[PDB]
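Below, in structure tokens: the form deposited in one PDB entry, a single chain.
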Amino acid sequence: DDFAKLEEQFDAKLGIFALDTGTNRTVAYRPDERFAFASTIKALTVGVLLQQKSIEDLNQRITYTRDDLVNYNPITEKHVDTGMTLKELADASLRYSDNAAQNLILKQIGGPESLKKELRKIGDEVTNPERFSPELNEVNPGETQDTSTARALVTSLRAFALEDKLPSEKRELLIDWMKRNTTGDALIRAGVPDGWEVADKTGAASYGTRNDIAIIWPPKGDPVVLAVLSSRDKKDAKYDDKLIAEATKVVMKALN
């Protein structure tokens, strides 16, 4: 087993779930093991925002202050005086992993407890949003707050991006933001051939937690939805993007 080999080579725990959406074939390795979801949750948060707003409603401008800025605000730190629309915030969140942009959106939908509620509504009994960003990245082993599983993240991302939890024009906006992610070049994208389109959202959290969730479109045929989640056993561990890239390679061979 090639996933066991990766765990060995990288001294890490892997959580993998992959669904070929045209055949229902699956590739699983610890699919039901919890990990901190880290910023992957930003994608589910935008799915809920899109549920709750018309495309036009995304033009609402949000005002905020330096008080709303947190640890990492690459876009949001530029627009304190002009504000940013909900559409611009969704962009920043998904494409740059802008943590204040996530916090701003979470406030607009009613906060972590509200997000949790809406995830339950679409059938996700696993994913447990509790905190704002970046506090949700502090998860100790055994704890269930702000965790999910590779199977649940896959099932939820499919639900919003590809199934009927959103109407098509809204699915298209989510897919477009995720296709044009800036943060994921060394992860799932690195284990897929050039010319296979990828929409992804990365995450990093404590205990060397390193995650990528994605939709992958082969040149023909239906897409694959994948979660590659990882963690290590020391609290301040470093992660290695190559683990996710190599894991992706394994999945693609097993499905193809």
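Numbering starts at 1 and follows the sequence shown.
From this point on, the text means the form deposited with a partner chain bound, which you will not see here.
ask   = Is it true that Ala190, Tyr207 and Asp241 each have at least one non-hydrogen atom within 4.5 Å of the partner chain in the bound PDB entry?
value = No residue of the spot touches the partner chain in the bound PDB entry.
task = Within 4.5 Å of the partner chain in the bound PDB entry, counting heavy atoms only, one of 199 to 207, 226 to 234, 35 to 43, 57 to 65 shows up; tell me which.
result = Result for this chain: 57 to 65.
task = With heavy atoms only and a cut-off of 4.5 Å, decide whether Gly111 touches the partner chain in the bound PDB entry.
result = Flag for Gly111 set to yes.
ask   = If you check in the bound PDB entry, is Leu104 within 4.5 Å of the partner chain, heavy atoms only?
value = Flag for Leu104 set to yes.
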